[PDB]
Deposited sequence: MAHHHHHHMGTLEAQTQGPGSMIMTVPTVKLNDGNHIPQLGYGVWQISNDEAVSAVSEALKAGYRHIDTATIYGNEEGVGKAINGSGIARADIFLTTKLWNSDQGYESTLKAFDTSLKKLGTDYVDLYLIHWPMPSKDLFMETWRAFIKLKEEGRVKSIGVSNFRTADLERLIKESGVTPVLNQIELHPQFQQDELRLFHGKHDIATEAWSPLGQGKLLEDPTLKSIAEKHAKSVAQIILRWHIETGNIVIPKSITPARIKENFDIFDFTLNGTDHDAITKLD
């Protein structure tokens, strides 16, 4: 009868984000509807997409038809590279809201620091405005390097709540995580499960030690190192498997052994 409470990460702007969320990647609208429905059914309350994936309508349909209040779901999307700029971001966001069928997003991220610093600063200027207007609750970035974050913080005075980056046991991003911690930016891991290490002996051993799956061990390692994770499995069994990571803990030796995988 115990229900594990999904931890939230308190962000630098006072908002809280569920530490586990469900990643939608390059799937179709119909697929997004089914997957997001399945995730919300499995107990996920944090849904992550990006405008370039072309599935905002379907994500929005599953969310609005879930029987869960909009206020109880945390929804992230992301501004695509070709829409960077002040006015072009305001336009893109409007279009994304219309597609999603809601009047705010919890988190809006700049998808990449591409194609230039000037362009992303103008996008950031637009995010600041959307945040002032109360249409975006938290603003952040994705795939930003330490030099992009330095320029963003120096030039705007506004520090992103998080930077979503590729992060998994074979790509641990030690440097960026050190910068993030230094400047109160949360780390969010995309592709947190990495590369199919399902046959790695360290991870297999830890999975047995705890009677959990290798994916569950990887996701618990992320949770214990303070990462927000957005695993993106498409099969229901895996969607449910990735949710069940709050009923156990690793220990000290486990962490050392996973660190050695980078």
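- Positions of the deposited sequence absent from the coordinates, in order: 1-20, 217.
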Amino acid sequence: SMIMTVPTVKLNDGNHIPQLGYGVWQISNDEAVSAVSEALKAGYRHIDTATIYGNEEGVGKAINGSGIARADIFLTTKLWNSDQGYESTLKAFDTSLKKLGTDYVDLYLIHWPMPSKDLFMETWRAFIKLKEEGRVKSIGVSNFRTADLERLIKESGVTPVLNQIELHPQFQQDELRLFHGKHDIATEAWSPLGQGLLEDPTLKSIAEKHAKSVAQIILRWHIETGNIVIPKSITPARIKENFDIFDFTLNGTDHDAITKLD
From here on, numbers count along this sequence of modelled residues.
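- Of the two segments, 75-83 and 97-105, the one listed with the higher mean B-factor is 97-105 (C-alpha atoms only).
- The PDB entry reports B-factors from which the mean C-alpha value can be compared for 110-118 and 147-155; the larger average falls on 147-155.
- Listed residues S28, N227, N64, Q216 were ranked by CA B-factor as deposited; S28 comes out on top.
- Annotation for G54, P236, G60, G43: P236 ranks highest, by Cα B-factor.
- In this PDB entry, the Cα temperature factor of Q19 sits in the bottom third of its chain's modelled residues, the lowest group.
- Among all modelled residues in its chain, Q195 ranks in the highest third by Cα B-factor.
- The deposited CA B-factor of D48 belongs to the lowest third of values across its chain.
- Ranked within its chain, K131 lands in the highest third, by CA B factor from the PDB record.
- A39: CA B factor lies in the lowest third for its chain, per the PDB record.
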